[PDB]
Amino acid sequence: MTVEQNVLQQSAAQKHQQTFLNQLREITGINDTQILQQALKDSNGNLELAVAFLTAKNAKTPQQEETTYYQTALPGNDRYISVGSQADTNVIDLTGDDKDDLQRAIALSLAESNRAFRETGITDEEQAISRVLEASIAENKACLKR
């Protein structure tokens, strides 16, 4: 797939800096192309030195075996900030169980009645109008010239 070859064309003198520098990426497992050539100018042809200028601390060998050089083969990212954590709203009530409304239906009527009534009820009006007619003599005995 990624054959480390193809077709070489001269460039022998350059083959030196290539290998030496290439190495720097191998021993210390460094991945900086700029800091490397820099480690060379200071090493003056010294490997463990150019290496030292890069790690200048510790260093092993089985760390990261030159596997690739593109998408860092990133075999995983990591948990970011955190979850969303939405609102846990789910209480209240859509209906609110309000059956007292009808209690208003009848109630309201209880009004149209206590307002349509006449406090009386016995309807003594009949006995009245009557006693009146007679007052003037309701009917008539000896009709007039009319």
# chains A, B, ... in the order shown; residues from 1 in each chain; ligands from 1
>>> select_by_dssp(residues="stretch 53-142 of chain A", states="helix (DSSP H, G or I)", output="PyMOL selection string")
chain A and resi 53-55+100-116+125-136
>>> residues_around(residues="residue A:20", least_positions_apart="4", cutoff="10 Å", atoms="only C-alpha atoms", output="number ranges by chain")
A: 15-16, 24-26, 36-37, 40, 45-47, 50
>>> atom_distance(atom1="atom CA of residue A:48", atom2="atom CA of residue A:23")
10.1 Å
>>> closest_residue(among="A:7, A:17, A:124, A:22", to="residue A:41", atoms="only C-alpha atoms")
A:17
